[PDB]
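# Coordinates in review
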Amino acid sequence: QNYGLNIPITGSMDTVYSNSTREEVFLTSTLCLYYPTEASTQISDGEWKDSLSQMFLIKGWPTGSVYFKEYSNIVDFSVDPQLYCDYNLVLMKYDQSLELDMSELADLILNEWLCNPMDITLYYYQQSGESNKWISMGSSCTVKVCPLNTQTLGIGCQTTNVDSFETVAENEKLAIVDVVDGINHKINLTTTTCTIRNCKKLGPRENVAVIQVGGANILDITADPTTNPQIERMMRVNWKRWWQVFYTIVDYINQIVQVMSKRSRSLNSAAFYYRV
Amino acid sequence: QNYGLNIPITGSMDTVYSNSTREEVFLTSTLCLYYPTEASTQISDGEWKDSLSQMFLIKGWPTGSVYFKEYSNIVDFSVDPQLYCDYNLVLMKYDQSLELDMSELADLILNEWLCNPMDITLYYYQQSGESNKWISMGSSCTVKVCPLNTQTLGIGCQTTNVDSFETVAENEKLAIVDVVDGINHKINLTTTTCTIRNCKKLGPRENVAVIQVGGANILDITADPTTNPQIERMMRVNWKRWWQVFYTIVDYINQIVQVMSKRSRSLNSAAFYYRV
Amino acid sequence: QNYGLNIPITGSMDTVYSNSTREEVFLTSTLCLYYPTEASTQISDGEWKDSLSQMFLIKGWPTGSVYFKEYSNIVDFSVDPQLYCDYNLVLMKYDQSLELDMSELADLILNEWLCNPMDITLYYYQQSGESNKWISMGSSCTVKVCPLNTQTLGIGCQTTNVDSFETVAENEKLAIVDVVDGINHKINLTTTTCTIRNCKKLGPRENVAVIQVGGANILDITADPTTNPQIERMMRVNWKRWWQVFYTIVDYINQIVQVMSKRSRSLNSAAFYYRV
Amino acid sequence: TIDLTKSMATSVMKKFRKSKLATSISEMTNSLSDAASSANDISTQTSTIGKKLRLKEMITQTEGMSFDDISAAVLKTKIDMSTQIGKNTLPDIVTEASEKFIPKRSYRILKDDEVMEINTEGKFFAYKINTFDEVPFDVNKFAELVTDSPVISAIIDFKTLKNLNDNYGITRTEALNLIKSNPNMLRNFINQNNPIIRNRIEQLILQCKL
Amino acid sequence: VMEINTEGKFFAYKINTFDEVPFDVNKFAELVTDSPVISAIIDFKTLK
Amino acid sequence: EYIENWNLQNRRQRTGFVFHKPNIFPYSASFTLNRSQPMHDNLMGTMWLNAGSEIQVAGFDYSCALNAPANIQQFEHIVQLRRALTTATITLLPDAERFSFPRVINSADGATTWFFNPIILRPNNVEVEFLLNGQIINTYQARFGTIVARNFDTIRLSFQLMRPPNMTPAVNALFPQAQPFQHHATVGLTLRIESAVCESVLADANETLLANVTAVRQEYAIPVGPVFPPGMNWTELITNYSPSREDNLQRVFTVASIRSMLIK
Amino acid sequence: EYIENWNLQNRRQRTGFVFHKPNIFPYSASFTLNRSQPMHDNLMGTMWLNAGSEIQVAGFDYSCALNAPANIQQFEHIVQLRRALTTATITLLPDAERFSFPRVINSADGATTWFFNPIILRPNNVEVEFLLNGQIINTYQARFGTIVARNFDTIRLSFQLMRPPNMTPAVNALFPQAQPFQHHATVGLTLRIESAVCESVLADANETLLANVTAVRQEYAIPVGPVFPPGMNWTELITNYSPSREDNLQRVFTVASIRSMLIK
Amino acid sequence: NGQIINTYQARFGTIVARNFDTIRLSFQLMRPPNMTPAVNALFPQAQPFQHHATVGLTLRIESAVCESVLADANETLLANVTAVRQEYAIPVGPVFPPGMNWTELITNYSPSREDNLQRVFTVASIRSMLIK
Ligand SMILES: *[C@@H]1O[C@H](CO)[C@@H](O)[C@H](O)[C@H]1NC(C)=O
Ligand SMILES: *[C@@H]1O[C@H](CO)[C@@H](O)[C@H](O)[C@H]1NC(C)=O
Ligand SMILES: *[C@@H]1O[C@H](CO)[C@@H](O)[C@H](O)[C@H]1NC(C)=O
Ligand SMILES: *[C@@H]1O[C@H](CO)[C@@H](O)[C@H](O)[C@H]1NC(C)=O
Ligand SMILES: *[C@@H]1O[C@H](CO)[C@@H](O)[C@H](O)[C@H]1NC(C)=O
Ligand SMILES: *[C@@H]1O[C@H](CO)[C@@H](O)[C@H](O)[C@H]1NC(C)=O
Ligand SMILES: [Ca+2]
Ligand SMILES: [Ca+2]
Ligand SMILES: [Ca+2]
Ligand SMILES: [Ca+2]
Ligand SMILES: [Ca+2]
Ligand SMILES: [Ca+2]
Ligand SMILES: [Ca+2]
Ligand SMILES: [Ca+2]
Ligand SMILES: [Ca+2]
Ligand SMILES: [Ca+2]
Ligand SMILES: [Ca+2]
Ligand SMILES: [Ca+2]
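Calculation rules
Residues numbered from 1 in each chain as written, not as in the entry; some residues may be left out. Chains lettered and ligands numbered in written order. Part of a larger assembly, values for the part shown. Heavy atoms only, no water. UniProt positions renumbered as here; feature names shortened; annotations may be inferred. Helix = DSSP H or I, 4+ residues; strand = E, 2+ residues; numbered from the N terminus. Polar contact = N/O pair within 3.5 Å; in protein donor to acceptor, adjacent residues only side chain to side chain. Contact = heavy atoms within 4.5 Å. Axes fitted to C-alpha atoms, helices over the stretch in contact; angles between N-to-C directions. Parallel < 35°, antiparallel > 145°, perpendicular 65-115°, else oblique. Left-handed = near helix turned anticlockwise from the far one by under 90°. Nonpolar A, V, L, I, M, F, W, Y, C, P; charged D, E, K, R; others polar. Buried < 20%, exposed > 50% of the residue type's maximum accessible area, 1.4 Å probe, protein only. Disulfide = S-S within 2.5 Å. Donors = N, O, S within 2.8 Å, 3.2 Å for Na, K, Ca; no water.

Per the PDB record, this model was obtained through cryo-EM at a reported resolution of 3.5 Å.

Below you can see the structure in the form of structure tokens.
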């Protein structure tokens, strides 16, 4: 029916309530690190997952809760990020020239999305508004868009010839293309190696968090130029040694989960709801 | 909108309930048939998807709303079956010796499993209660579980000796393994091939129906042996001709959709519980 | 303690419940498991008795209170199955062409039978009503019944010609034969190797539960063609691995015992009726 | 469930003997023995007397509710419900439950139809026992009487008696027993479920926060 | 005085003159939580 | 009685009307769902009919308190009398008979319909609290049969659905651990205000004054007036009982009795 | 009251007796099947019980209004009072209790017995009409709870069984479209005449006049007279309520009142 | 009694209420169409929302006429009654709440409570003519 959305919950500002609703469908919540492979490479150990789990046992996470996931590099991990897990942290080792890719993956994971498929080869597509994007993911996406007149004649690009098309993403594992909202488009990309989906952005996913391990603050989840909010989940540290990074995270894990909130989680592990 | 709160709702009994909704759940939703390739092999056609679409249009569903999916056979479809599609039917032919595989698939796709990853290499995994299983999906899932004493020592098996372990699934594409809930276990499963997830069973998936095309009432979604429920969506129909089967489905599509329902976790009203 | 008499008890419909008896039924009774030799054959281990016993202890059953009793197969176990034990479970791997044999065994063990002898060579026998049957047990039973007129002349058979006699059961270990009620019969059954008993059907034997490990619901304990009910104690489960079957048993053993109950005829309450 | 169980009582006592409360009572006893073997001012004096009275409450067997009693009850409940208790947790948490639970408390000395109440913070009152109207205090008399007469742990302190008697009219017997910290009448009042007592008990349980 | 046996039997009776009175459960249940209970080595029957 | 109350009220003194089966509750049949789903397969909550002198409330749980704390679901039902009652003799029984047979009920929104298939457990540690100005005037714990409420303005009926700890195989089959729940547990109460005493005038099963006033209004097609609802629907008259309505109702009832003293 | 009405009738004038819960209805529990078969698998009709002051009706359909037009099945029940009441306060509620649990009922002539397994839907667009000589004196459309009948000698209850258009899986499974029909939809009404004013004399619950008269006739084994039925069976007396029988009943009732004035 | 007696729209300052039992305050929060750079920075279209828009009303019943009795800010009748009860520690009686708690007393103001309140208030009025 609902969870009583359409009626208001009242509360007293002059009275501290006592009772709480004890509910759980779980064993216990699961902290969950996504680290780059160079972290393990520099550590040069291999009982270190055991060691970190033991540390989290002190900090107050049972053994079976904390999980660890290696990924090769951020551009590779971007392709279809499956966050199979409850309290998700992503350790993004910053490097120059990956500014947009880092920010784009952050926009993908930190936000909930509602995606439909895009039969590219048949129809033309618009963007409903500020909340819409097209997420193209795969081995090598090379988006080429061509805007269309009201007469379904391309502007700046002949709708037949594809070389004239205006490229917007060139060989990216993940791209979040925004085009002008109100213009019919013809899109061309390598349908075998890449898949594009028409994705609305719902509210923010308040579950995953991004720890930028390296330098300057460059995350911009909001594709708008004017606004660049710094959410609490865009944490950052200055690093030389991955062991020091991990000890920092462990020691301050309670604050990190306090910043996050697990009430937003999906059954399946996909980073975007799919609605055919 | 008071998402993520159990808020009671009061409803009267003098209220005159409203008009029908079949026209809405047809003009809006998307019907979605999953059939085995041997069906089309016997049909020996290839305009037949279009013909079925036209008959569904005669019955009410708009042109683009009824979508068809193939699969080689039930055991191969078992591995990661994700029905990203609004109203799901699964035609499931029955043959001897596939009873358990059919039951496993029926459980998996009829009940909403929420689940977390498992690092077999590192932790010892224990099952909480009646609603917790481990589902292993892959090309060859050979799960070898060794129970552990209260001292974390094996019984019937030696933690250093993989051979004496107790197998509970051999080369299965899908396996819902249930162990004695209350004991730590050490698993070994072929990590390069088969993934395993510690999953537990939420309420039912009211969006997917299973049409057993063959024999007797052999599905047992409930792993408990005492109870053998007959859910509304575990339909069963005799067969000697796939055309006749499809015509039955087309004719009674209203009834099948009445048996099914909109997925609860897909609703906006479930936003901050487990929305998916 | 006023045995024998049927005195009318009285109770109030407003009294309260009492504390749960789960602890007592675990700590005093004795669980008891019958399985086919192919179980151990597939297990191919042999401290598995101890492993299962310790798992049962974790569930709450003391070490010495759980018994295992391998039997060769259904047909050779049905020959006088003596369940001298306290909470009986009988696994049965369903196989084709053993439908009647399995159903006969289930009918024999799941109900209390009051059996008197039958001197085939001397008397001519009868069936008082629907609650009366003749159970023949031995290495090779071939019951040949010749019904009689009201003047002790056979109909469809001659009283002197066992060739003319009509065969009702042939060369089976267990044969629960029924015949027309109110017609005298003359039997010939190979007395050197198959005893026969005239048995009456008392209430149900809750002490034992049957678990069909194989196919579909077939067990018709009620010899009446009309009613083919589904008793709580007739459980069914799918299977590929005997280890998985046994783990399911151990996990849900509390539910199985809840389905069962202590034998009504094993108690002092039933002392002077048909106590056994 | 635990396999070790290697005298958790003794393990707790080992670190309990070294807590500030233990060494404080030892120092108090040593100071009295040395005194025997030898030969706002009011607020400060009453604060010192209140510290001494807290030590005396820990040492002796009082017939009142005895704040330490509530501290132990809250400790037991928290320990039982909490499911994270290692070898070195009950030691070094029973000590803390002795130290920090209810840091602030008050005591009473009953005397000939009057009562003299003291607080560890520094507060001090004196009031008639039949009708609660405070009378002039005598710190010298209180210091004289505190060493010998029995001390009543003011679970329900005069700040609360005044409000409760004035609003909810109380009988002489119930009022006297509340002053004496009688568990019978305290539980009677909580069974009645009156907001003043409910609020004060919740305030103490909150003060047990550590 | 409200008196209880451990095997169900219950009595209620004055002090000055031991004339028993109808028992009042839901008053005894409330009283016994708080009041000081007394063992009854001299049972009510023998006392009367 | 009516003129005596009229004079004892004209001079400011306490008045009283004795009523047999006073229809104090406005007609109200409804239900609250403290847990629900679109499939309406695992519900839990209360249903109630308040009509005439009947309160009839049934708390239901589809899981039979499977996962409730200590396997005990807790149900509460408030009923705020529109006017205080005095010296009420009440009849309290368990097993609310109205909500004791299978139903299908339109959803709260009105979109779908859900199936209700009760199996009646016994209600346990029931407490009936008769309140006046929020203060418990009377309390009855597990005391059925006739009871007395000296003076009360509100009723809190609290009951509980406790899972049977021990279970016959049949009832165990009734209550499974899985989802289907082909039967739904229920526990109910019925409360009949057999008689009472009240200051403001009401309608009764023993007096003809309400019917007489409504009849003489319907006879001559009197237009719908300011204060009384259309057609003198007593449910709508009692659901909001403003002092102007009270004054007018006492006046018309007094004249109705004065007339009924001669015209029958 | 009795002697007053006696004088008012001896000098022809408007009599009247105020009755709490009159026994206006002759006792009759029965059923009419508007659709039936020898198999008794698919039935449709109305059961009813008239008794004392209570009416219960239950229109049932085994197909839940599938083949019926508009998926709405009409039901109508007529109750013909033997005497006209006046200013009758009448409670009206849904969900007839007595015809909402499973039963096995003998057939129209006792030859066989058929199974009835109600599932209680809500009676929609109910309409209760109170008729005097065929003229609608009052009507009430979907207004449960207390109501009033000004002056009437017939009650016409017209209710309906509407198949719920939207249906969750449970109720959908309850109502198939094939033949078996393992659950039988039912819609019921309950109607109690709480109080009324009758021109003639009837038994009540407030009074004991019938008790006194029949007890006197039974004490001495009076032989059966012409007009009163044997044992003064009230059902048989009210089914045929001819004028001479009414006159004798009034005489004996007023005499019984005069006696009960002193002999209790 | 459910019908509108007075209604005012965008009227501030002093106003009147003839005879009223309930107040319905309806107002609206309209997003300002034109927005200076500062307010545009305040209100984004994304979720964060560091600043939360609000619109409010204040309403003071300066004076009125009540058929029944109430406490005021100009009259000390309630103070006298409560002080007389408090100085002597009267047991809480059947009708009034503990300590003459005016909030609970006005929350539940049944006619018996009203009559007792009027009696004690008029007695205090009599007393105040001589004792202060
Ligand atoms: C307890 O929870 C209920 C909701 O069921 C809430 O109304 C109530 O305020 C809570 N308790 C307190 C003391 O507020
Ligand atoms: C993109 O353009 C190239 C060259 O025109 C063409 O071969 C290719 O098919 C286009 N992509 C798709 C998906 O058709
Ligand atoms: C419902 O259907 C009826 C006819 O079946 C129609 O008269 C009515 O307008 C409909 N109501 C709505 C709200 O669609
Ligand atoms: C399982 O056992 C095999 C031995 O055949 C071993 O090689 C493999 O590493 C084991 N699996 C894991 C995850 O360690
Ligand atoms: C019943 O069990 C509870 C806890 O499960 C326990 O507190 C209680 O003492 C038990 N009953 C008896 C009579 O011991
Ligand atoms: C049954 O028939 C055989 C011949 O086939 C005969 O030898 C035998 O004696 C008969 N049995 C009895 C019990 O008479
Ligand atoms: Ca990118
Ligand atoms: Ca171009
Ligand atoms: Ca855009
Ligand atoms: Ca930006
Ligand atoms: Ca499988
Ligand atoms: Ca082994
Ligand atoms: Ca399990
Ligand atoms: Ca099962
Ligand atoms: Ca023959
Ligand atoms: Ca056999
Ligand atoms: Ca027979
Ligand atoms: Ca049968």
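Once you've had a look at it, read on.
## Quick word on the UniProt feature "binding site: Ca(2+) 4" (unreviewed entry) in chain A
This chain's UniProt record puts "binding site: Ca(2+) 4" (unreviewed entry) on A:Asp220, A:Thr222, A:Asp224 and A:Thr227. Checked against the element boundaries, A:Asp224 lands in the loop between strand 9 (209-212) and strand 10 (234-236). Looking at A:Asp224, its side chain comes within polar contact range of the main-chain nitrogen of A:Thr226, at 2.4 Å. Following the sequence through the fold, A:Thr227 ends up in the loop between strand 9 and strand 10. Leaving out residues up to four positions away in the same chain, A:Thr227 has contacts with A:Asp220, A:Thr222 and H:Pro44.

## Here we look at the packing of helix 8 (residues 172-179) of chain D against helix 9 (residues 183-192) of chain D
Residue and element names in this part refer to chain D. The N-to-C vectors of helix 8 and helix 9 enclose an angle of 110°; their axes lie 8 Å apart at closest approach. Overall, the two elements helix 8 and helix 9 adopt an arrangement that is roughly perpendicular. Taken as a pair, helix 8 and helix 9 cross one another with a handedness that is left-handed. Residues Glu174, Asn177 and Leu178 of helix 8 pack against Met185, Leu186 and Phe189 of helix 9. Partitioning the contact of helix 8 with helix 9 into residue classes produces 4 nonpolar, 1 polar and 1 charged.

## What about the environment of F:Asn248?
Topologically, F:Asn248 is positioned in helix 5 (residues 243-260). For F:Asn248, the contacting residues outside a window of four places in its chain are F:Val227 and F:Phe228.

## A short note on the UniProt feature "binding site: Ca(2+)" (unreviewed entry) in chain F
Here the UniProt feature "binding site: Ca(2+)" (unreviewed entry) sits at F:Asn133 and F:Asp153. Spatially, the listed residues are clustered: although they cover 21 residues, their C-alpha atoms lie within 7.1 Å of one another. Counting through the fold element by element, F:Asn133 comes out in the loop between strand 9 (124-132) and strand 10 (135-141). Residue F:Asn133 is classed as buried on the basis of its relative accessible area, which comes to 12%. Setting aside its immediate chain neighbours within four residues, F:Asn133 contacts H:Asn108, H:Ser110 and H:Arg113. Here F:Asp153 shows up in strand 11 (residues 145-162). With relative accessibility at 15%, the residue F:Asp153 sits in the buried group. Once residues lying within four places of it in the same chain are set aside, the contact partners of F:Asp153 are F:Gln80, F:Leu81, F:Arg83, F:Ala84, F:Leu131 and F:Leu132.

## Details of the state of the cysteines
Residues and elements named next belong to chain C. Tallied over the full model, the rule gives 12 disulfides over all chains. The disulfide that involves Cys32 links it to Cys85, with 2.0 Å between the sulfurs. Between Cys32 and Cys85 the sulfur-sulfur dihedral comes to about 130°; the bridge is accordingly right-handed. Placement of the pair is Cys32 in strand 1 (residues 31-36) and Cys85 in the loop between helix 4 (74-77) and strand 3 (87-92), with a sequence separation of 53 residues. For the pair shown, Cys32 and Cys85 are each scored as buried. When the bonded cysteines of chain A are numbered from the N-terminus onward, they pair as 1-2, 3-8, 4-7, 5-6.

## Describing unusual backbone geometry
The phi angle at D:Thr5 is positive, at roughly 40°, despite the residue not being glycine. One can find D:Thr5 in the segment before helix 1 (8-16). One non-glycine residue with positive phi stands out, namely H:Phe49, at about 55°. Here H:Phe49 lies in the loop between helix 1 (37-42) and helix 2 (77-88).

## Structural notes on the coordination of the calcium ion (ligand 8)
Residues and elements named next belong to chain A. In the first shell of the calcium ion (ligand 8), the protein supplies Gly156 (O), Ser164 (O), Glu166 (OE) and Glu166 (OE), at 2.3 to 3.0 Å from the metal. Read in sequence order, the donor residues coordinating the calcium ion (ligand 8) give the pattern G-x7-S-x1-E. With a gap of 10 residues between them, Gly156 in the loop between strand 5 (132-147) and strand 6 (166-177) and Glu166 in strand 6 connect regions that are remote in the sequence. By relative accessible area, which is 35% here, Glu166 ends up partly exposed.

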